[PDB]
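Just so you know, the sequence shown maps onto residues 119 to 159, 162 to 231 in the entry's author numbering.
Even for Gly, the Cβ is constructed at its ideal location relative to N, Cα and C.
Okay, so here's the structure we're looking at.
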Amino acid sequence: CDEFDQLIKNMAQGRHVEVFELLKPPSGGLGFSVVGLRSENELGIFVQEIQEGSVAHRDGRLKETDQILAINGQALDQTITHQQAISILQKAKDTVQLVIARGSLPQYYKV
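What follows is the structure, encoded as structure tokens:
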């Protein structure tokens, strides 16, 4: 369990991390979209376009370019594909806990 905290620090690589909870409405979603970016050091899920009027938007904390490190205690490690990440996000009901890192890193900008 203390290992999870380290796993996150490793993913964050010195980025500011934050955990927060959002209530997903019974219909509408959290109100943001994501994209996968490959590093070299595997893959990250990054917030793209926060929908106006959404929980995500009205909550005010989440931002474009942040990386979702965890969802409801599940670290988004190599264990699962980017589409599996999205599926988890989509299938999550009610209070969703996200662990976030602020912005991206130069590693994800390599092509």
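Could you tell me the distance, in whole angstroms, from the CA atom of residue i to the CA atom of residue j?
i	j	result
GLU184	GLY223	8 Å
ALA221	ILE200	19 Å
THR215	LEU225	29 Å
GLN217	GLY164	17 Å
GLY193	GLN203	18 Å
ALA212	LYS230	32 Å
Using C-beta distances below 7 Å, list every residue in its chain close to residue i, excluding the 5 sequence neighbours before and after it, in chain order.
i	result
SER157	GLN227, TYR228
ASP179	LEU140
Going by the DSSP bridge assignment, what does residue i pair with across the sheet?
i	result
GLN194	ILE191
Excluding the 5 residues preceding and the 5 following residue i in the sequence, name in chain order all residues of the same chain whose CB lies nearer than 6 Å to its CB.
i	result
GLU169	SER151
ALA195	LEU125
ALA130	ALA221
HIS134	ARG222
Practice item. Count the C-beta pairs between the stretch 125–137 and the stretch 181–197 that are closer than 8 Å, then say yes if the count reaches three, no if not. Key: The stretch 125–137, when compared against the stretch 181–197, does touch it at the 8 Å Cβ threshold.
Check your understanding: Fully enclosed by the stretch 200–229, which alpha helix (DSSP H) runs are 4 residues long or longer?
Key -> 202–211
Review point. Within the chosen definition, does the stretch 165–177 reach the stretch 130–149 through at least 3 CB pairs nearer than 8 Å?
Key: yes
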